[PDB]
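Worksheet: one structure, shown below.
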Amino acid sequence: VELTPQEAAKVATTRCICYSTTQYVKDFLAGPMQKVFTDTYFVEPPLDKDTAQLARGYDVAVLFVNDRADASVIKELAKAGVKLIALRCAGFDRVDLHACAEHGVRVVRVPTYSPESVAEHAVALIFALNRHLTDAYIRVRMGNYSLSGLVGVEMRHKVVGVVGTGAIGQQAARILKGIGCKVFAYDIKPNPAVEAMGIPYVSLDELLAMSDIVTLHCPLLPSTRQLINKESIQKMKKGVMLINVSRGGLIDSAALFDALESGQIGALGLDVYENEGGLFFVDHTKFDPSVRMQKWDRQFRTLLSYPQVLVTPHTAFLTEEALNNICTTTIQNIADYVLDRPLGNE
Amino acid sequence: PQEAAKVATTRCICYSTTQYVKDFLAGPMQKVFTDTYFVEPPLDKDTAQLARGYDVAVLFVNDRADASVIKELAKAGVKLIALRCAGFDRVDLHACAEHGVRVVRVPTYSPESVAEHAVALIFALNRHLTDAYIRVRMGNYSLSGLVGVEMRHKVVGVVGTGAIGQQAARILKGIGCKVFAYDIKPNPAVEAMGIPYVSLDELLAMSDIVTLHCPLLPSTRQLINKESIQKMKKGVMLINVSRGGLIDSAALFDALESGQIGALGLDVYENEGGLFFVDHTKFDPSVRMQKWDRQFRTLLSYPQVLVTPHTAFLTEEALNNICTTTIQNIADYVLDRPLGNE
Amino acid sequence: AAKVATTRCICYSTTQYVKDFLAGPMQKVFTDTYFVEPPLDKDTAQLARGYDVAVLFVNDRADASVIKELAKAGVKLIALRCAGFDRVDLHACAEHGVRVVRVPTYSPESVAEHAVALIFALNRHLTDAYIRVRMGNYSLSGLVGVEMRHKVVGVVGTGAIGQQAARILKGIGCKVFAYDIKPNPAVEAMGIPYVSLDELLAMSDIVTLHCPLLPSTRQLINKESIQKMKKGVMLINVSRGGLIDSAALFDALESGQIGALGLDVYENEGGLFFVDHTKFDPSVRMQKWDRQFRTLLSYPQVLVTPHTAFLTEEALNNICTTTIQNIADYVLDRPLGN
Amino acid sequence: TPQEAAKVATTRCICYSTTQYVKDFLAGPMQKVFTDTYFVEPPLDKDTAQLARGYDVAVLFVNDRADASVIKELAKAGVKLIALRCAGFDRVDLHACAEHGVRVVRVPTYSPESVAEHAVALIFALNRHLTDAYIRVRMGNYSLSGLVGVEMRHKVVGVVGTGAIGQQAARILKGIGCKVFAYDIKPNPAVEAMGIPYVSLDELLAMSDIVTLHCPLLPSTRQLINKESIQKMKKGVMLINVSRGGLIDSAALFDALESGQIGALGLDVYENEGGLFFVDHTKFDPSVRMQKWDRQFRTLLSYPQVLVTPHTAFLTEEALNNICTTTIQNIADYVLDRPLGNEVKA
Ligand SMILES: NC(=O)c1ccc[n+]([C@@H]2O[C@H](COP(=O)([O-])OP(=O)(O)OC[C@H]3O[C@@H](n4cnc5c(N)ncnc54)[C@H](O)[C@@H]3O)[C@@H](O)[C@H]2O)c1
Ligand SMILES: NC(=O)c1ccc[n+]([C@@H]2O[C@H](COP(=O)([O-])OP(=O)(O)OC[C@H]3O[C@@H](n4cnc5c(N)ncnc54)[C@H](O)[C@@H]3O)[C@@H](O)[C@H]2O)c1
Ligand SMILES: NC(=O)c1ccc[n+]([C@@H]2O[C@H](COP(=O)([O-])OP(=O)(O)OC[C@H]3O[C@@H](n4cnc5c(N)ncnc54)[C@H](O)[C@@H]3O)[C@@H](O)[C@H]2O)c1
Ligand SMILES: NC(=O)c1ccc[n+]([C@@H]2O[C@H](COP(=O)([O-])OP(=O)(O)OC[C@H]3O[C@@H](n4cnc5c(N)ncnc54)[C@H](O)[C@@H]3O)[C@@H](O)[C@H]2O)c1
């Protein structure tokens, strides 16, 4: 269940190439990998058809959500010699699995980030929004120390709907219960851990009607898609703070502006937005504005305009503790592959 | 009783009425008092004659009084000062004593507000919410150096366990932290949560996060200094939502740069006189240079520093308490009831 | 000569800068001068009770209701620290015996140099650079700028300010062209050609609007004329928001048809400009929220200043001294002209 | 040049520090001339020099390392030519290149208009408080205080140094309508023909509303601006420096800023730029940022009347074109065995 011991010499002969190695990937990943693998190539640019020829000679490609593997790039990784792709994340969506089947490449993945990391990020948003912390930081940096219109709100007895009670939502429910909020939950299947905290399960319509704060933790499924829309928003409680760290597909962004301007939605925290492909995990600040105009998302940039909206760039999973897990699971995954163990993260 | 008809005839003026003071306060006051004068500018000698017919002056922290303004406020006729805050410190009770002017005030903010704000600072710093917000607004959606930290199993020292420290201890335990406390007197609501009381030195040595809730006393002045900081745990997040006097600000720069203090949240800074509760951006820079605080401005420069402008008390709920305590304060004064607030 | 000194003046909308430039010179003349921080409406007009002259600004509105309360308050004169009388009615003033005076021109170098400052800031991405550097991003991408030296610049409108804009731009080294119904001989003596608007729109790298707002000029820049411009054009409007049809800006920004935009003015400034909306709760800000304006501020190649083109030591001085002379002339029964 | 183009095309070129702007201005032109061109995003090290294996010419920038040790590894990689996409050779070791057979070529001049227009840019922005204005408008503060600006038309402007760049600064500023005065050890006949008088340094400092530094950094010009000379200036003076950080003693700035002696400061440059400029430090954890933290620079950025750009005065479409075409011509001449002339050597 641990060490190698010297089967590690075999693991060490594995040659790993890692795409999209940005500063944080260097910080958490590069160090642990070179302790195990003798040869590891860290490529800063993402993975495409032009940087896939970079992988010639390597056995395994380490990838992230922003890296592309569709049918064209899988063919040149297979011809490069890499027979395993390991994701440092749990998203496999952007990889083509039908292409991997033809080319013999096996893909392994990290199914779980540490659930406290994500749950605590949702809670961070609530606190920031309640206390208008981003507003105040900026004003104070400019040298505006006046109090208007920074007046905030107490969380202590507020009613909190937790939508979806899986691993992360459970953590959200625990934390929000501990802050002292009155917590309610909705899920298709009740979580006994949540019930044992004394948080009642109610129907979704009831949860939307009674909540000061609603936090989305459910997965994105056809049944959950645009859970928040023009209709369900009119069912919520006027002034509601809506938090989403799960999936952008859970919210229909078009409906948000009217709801915000009517005061129907009083506040919005988001770690996610419905179309993030090409948008997130990119610093667009580095491109000339004429080039930024090519992929420009106007309704997103408009959304960012509101003082009661707060958006982070998909950092809810991004934590020392979560990265450590991602790293050790990616490495255990490399080893299981090379040592012929059953993978299970495939 | 219809003593409210006696109460209603009370004439009230409030200084330093900014937008937020209008919102929470003016509405509730005119429900009670028939004649109510709201002055946007603060309290001085030149705006004390604005108080010439009124019975009671409602005041704030950044306002005065001097020993002397009690007199033309007195000759204005106001024998009562009603504070919308808990500081009477900046007014002298010795000048008011001579002029028959009585001092009343709101001694308590709802302590969850203050405690929850300290928790807000901790969360914001852990997750780089201010860095993240600004980048996202510019169109930088990249991840480096937004990497945060989990709070769940971290060790948190609460320094001072009075009303606000109690809520802070309570909240941080509910979140899952390992909470320790220091105070002269253990708070039994805190001991009943199974939070151990340890020595200040032990608490500084073990804490990942230290949050100061003690009052400013000679014993606690510059509690945090060059010496005590070296007693702490490398990388510590220090939070001060109480009094600027608890920290020796000069000592922060070396400690931030060595990594000894890993992050700092502040709702208070030691010299707030003339600094806080003013929007300095409305002044030409040459006028700003006159009161410029160089070490405060340097301090804002660090990415791991987060400073709010004394907003920890500032909440719907807390403003409500203040309002209703202030209105009860006016009423008790008028009806010759005992004040209890002074 | 000591008769003028006896004048009693109230000034509405006194913010900090109004204090700095104005109150000092005024109290050198008039013995009693009342400065009210809040603007002019119905309710703060009774503050003018007894005063003979009220000095006002653009954010102050005087319709029939606020005019009646000052009139019975006693003020027979309104003096503007600005050139707009638009928000006041002159027909109500006719009925209540109150006369309208104003400062009709700011120092045109101030206004023109501001248009030039906008061009320079956008060319060199100064706002981007400032903020990044404040954050500690000292990297070079995507701060790459543009030279102004040989660029083609259209000046639309040749009056006192456009003249200065033309002069400055020629001195910078640009190839300057102009459109106006009346050629300005000062502009022609600089060897700047007057051409038709279509020709100017087709050839300009930088187009800067200096014409007044007239029925002929309204939405001068619109969906159709924009397609007549040169792809990548930098558009500057320091005159009037009505000269531009704002709705049309977004597709054109996004198509690259307009490459950059500076604005000191926007078509709907009513209730919007000269207010710091950040002192309000967001639930209150949502009431006057201008979504297309907030969207517009979103673009990296857009730069908007809050109607500061006139706001200058020199221009504030002119405004002050013309205001003091307007008051004096009224009191002395001289012909106004303002 | 047809056959010479095929011979030039056979050149193998590697470029270090290829960030977005280098891809934009450089890569396109290079791939039209050289058949094989390698663009590496990280800067040059001892470790990234091993990337140059097989390559003929390394294209480098001011931020790239050639100290005595990396020249050793580039030599053995096979590169005989180093082309700087810049005019600074300060960081390359020419004593090491001499020993290892490596020749260094360079771009000695950017368009002097680009730089001169940048200083003028700073002047306008500060005069009109454009950075303050932009930020407030973005937050939704549309109020006028303390944004009040100043007219440039009749102001007295000292230009210090009248070379290619100072000459342009003088031309532009006279054109704006300023009364321009100049100082140089040697008068520039083009400046005199603009009708701009030459005065002593003390005379210019005493009379100027605006001082703009364009002289090179010399033992005579070292800390030209210091505690003493600053008290000779005119109270409220705006100081602009786009030339060299060494011209100003940064310690002296704070007292003068706070006393009002220096009324405003625009800078494209600062005294120790090494490891500081051309890096985005926001990509690092704050704890790593604390290692090189420059307390006095960060403090300087705190002032409302100070404006700092990150060495962008040369950074222009037009200037980069000069740089690209001169660099490609530098390569071609080398390949075609022509006399170089942009060669720096020891
Ligand atoms: N850092 C980030 O922003 C990031 C990255 C990747 C994933 N995520 C999010 O984390 C989520 C996983 O959270 P988890 O750990 O708690 O997973 P989980 O499996 O443990 O919990 C999911 C729960 O949702 C419930 N559910 C199923 N259908 C539903 C419906 N129609 N309505 C409501 N609830 C329903 C399930 O019963 C289950 O209890 C992902 O789905 C994704 O949303 C976030
Ligand atoms: N919005 C703001 O930022 C704001 C405004 C006003 C006041 N405050 C701060 O909040 C404080 C009040 O908090 P509170 O309501 O809980 O008051 P409190 O009286 O209930 O708590 C004070 C506790 O500190 C203890 N104490 C006394 N001497 C001590 C020592 N040497 N060391 C350690 N502990 C000691 C006391 O026994 C007491 O239990 C104020 O003193 C002020 O510092 C903040
Ligand atoms: N600080 C500010 O931002 C601010 C404040 C108030 C007014 N303004 C603007 O400044 C302007 C005043 O500038 P000015 O001193 O140069 O005015 P001006 O009267 O002296 O010149 C206006 C010129 O526009 C010309 N013109 C008339 N119809 C035209 C048309 N259809 N097309 C093109 N040109 C036409 C006129 O012939 C005239 O020569 C105001 O009209 C206003 O737009 C700016
Ligand atoms: N993007 C940037 O910010 C950037 C990049 C590279 C270089 N630069 C600057 O541009 C400079 C080159 O400018 P240039 O093209 O005009 O070269 P230049 O030779 O034509 O200008 C320098 C002038 O200063 C004069 N001079 C010499 N000693 C002097 C003294 N003691 N005092 C005053 N003046 C003196 C020289 O005679 C010369 O005329 C570089 O030295 C550098 O400072 C800026």
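Every number for a ligand or one of its atoms is a count from 1 in the order of the listing. Throughout, a chain's letter reflects where its sequence line sits, starting with A, and its residues are numbered from 1.
Evaluated for a side chain to side chain contact (heavy atoms under 4.5 Å, CB included) with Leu247(D), the options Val269(D), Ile225(D), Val160(D), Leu217(D) yield exactly one hit, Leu217(D). Put simply, the residue from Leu320(D), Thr309(D), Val115(D) that forms a side chain to side chain contact (heavy atoms under 4.5 Å, CB included) with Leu315(D) is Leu320(D).
Listed by chain and number, the residues in a salt bridge (charged side-chain N to carboxylate O under 4.0 Å, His left out) with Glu150(B) amount to none (sequence neighbours excluded). By the side chain to side chain donor-acceptor pair (under 3.5 Å) test, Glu206(A) pairs with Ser203(A), sequence neighbours left out. Evaluation of the side chain to side chain donor-acceptor pair (under 3.5 Å) rule for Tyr21(D) yields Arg85(D) as partners, not counting sequence neighbours.
Within 4.0 Å of ligand 4, counting heavy atoms only, the contacting residues are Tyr110(D), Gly163(D), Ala164(D), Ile165(D), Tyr183(D), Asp184(D), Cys215(D), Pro216(D), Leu218(D), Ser220(D), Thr221(D), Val242(D), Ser243(D), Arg244(D), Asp268(D), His311(D), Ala313(D), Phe314(D).
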* Given the rule in the ring pair (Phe, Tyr, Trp, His ring centres under 6.0 Å) test, do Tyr269(B) and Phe276(B) qualify, once you have shown the distances and angles that lead to the verdict? -> CA-CA 9 Å; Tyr269(B) 178 82; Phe276(B) 280 57; 7.3 Å; no

